[PDB]
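No Cβ is skipped: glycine too gets one built from the backbone with ideal geometry, and neighbour counts run over all protein chains shown. Here, each number is a calculation from the coordinates, and none is a lab measurement.
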């Protein structure tokens, strides 16, 4: 009832290595508590610095990843229209896209051959990066590049919600 | 003292058996919450590394951003006030190799007579911006305090078109 609980306090209290009375085993208790009280309060004050540092770290990712208008304007995203698509012989991954920006016709290469059929591409309004650097592929020049979104399993080209005249430049204005 | 110091345990936690039994609970609780702090004290060890890596990255990012700016000394060749505007000055500037044209908004703070001839620091790479009829290839550095506008000039004399460099 009482002595067992005081004896229990003896178990939780660290090794005394000293007399086993009743008051002594109770004295250490208020000592133990007071110390633990001090520790947690010092640790609790420390945690506030960690959170203050937590946000501070995040806020530094924003700063380092910030885009800016002018940097963005250097990237020219425009809606295109597919004219034809043919599978490349000797490759089960590449498709040669013929695109229409209204005025300029472009030749792009895409890896969606497994995920996309030429028949379903013709007529589709896909978004591309026109400015993007040509990378010679299979002895063929890929003028501009195609935007994609991949989970690894699922491949997806990008499309405007409504239909729009081919060639429209994507803006972030208002 | 036994009862009085037990009573002290009453002031500790925010009937003799009740608070005694309420003490072991406070103990067991504290014996857990402290065991966590030792992990959170090692958590904040990794967050110390994070701040370290990001700053050095920002530092490198900061230095890289500076070298993008090609600060070059130019020499005013002409200065004529723009017509219909009381704030603009079209300035022809020799850099020693090619004479660029630059508009400056320092009309109210300067006379063309006092200006012409002085070797001033400008921003070279700055994109050419057309300002009502003139194609300014770069822009000039001017300090403003609200009371005084001041163009920027090297302390000693140096060859025109010199590349203003910071140390590193």
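Among the residues of region B:139-158, those identified as under 19 Å from residue B:69 (Cβ atoms) and part of a loop (DSSP other than H, G, I, E, B) are B:141, B:152, B:153, B:154, B:158. All conditions in (1) in a loop (DSSP other than H, G, I, E, B); (2) surrounded by fewer than 16 Cβ atoms within 10 Å (Cβ to Cβ) hold for residue A:113, with the sole exception of (2). For the structure I just gave you, tell me whether residue B:17 is surrounded by 13 or more Cβ atoms within 10 Å (Cβ to Cβ) and more than 28 Å from residue A:49 (Cβ to Cβ). When the stated conditions are applied, residue B:17 does not pass them.
The single condition from (1) within 8 Å of chain B (Cβ to nearest Cβ); (2) in a helix (DSSP H, G or I) that residue A:1 fails is (2). Within 11 Å of another protein chain (Cβ to nearest Cβ), surrounded by 14 or more Cβ atoms within 10 Å (Cβ to Cβ) and under 21 Å from residue A:65 (Cβ atoms): does that describe residue B:30? For residue B:30, the condition - within 11 Å of another protein chain (Cβ to nearest Cβ), surrounded by 14 or more Cβ atoms within 10 Å (Cβ to Cβ) and under 21 Å from residue A:65 (Cβ atoms) - is not met.
Within the bounds of region A:65-75, is there any residue that is part of a helix (DSSP H, G or I), within 50 Å of the chain's Cα centre (by Cα) and closer than 23 Å to residue B:34 by Cβ?
There is no residue in region A:65-75 that is part of a helix (DSSP H, G or I), within 50 Å of the chain's Cα centre (by Cα) and closer than 23 Å to residue B:34 by Cβ.
For region A:56-92, the tally of residues that are surrounded by 13 or more Cβ atoms within 10 Å (Cβ to Cβ) and away from chain B (no Cβ under 12 Å) stands at 12.
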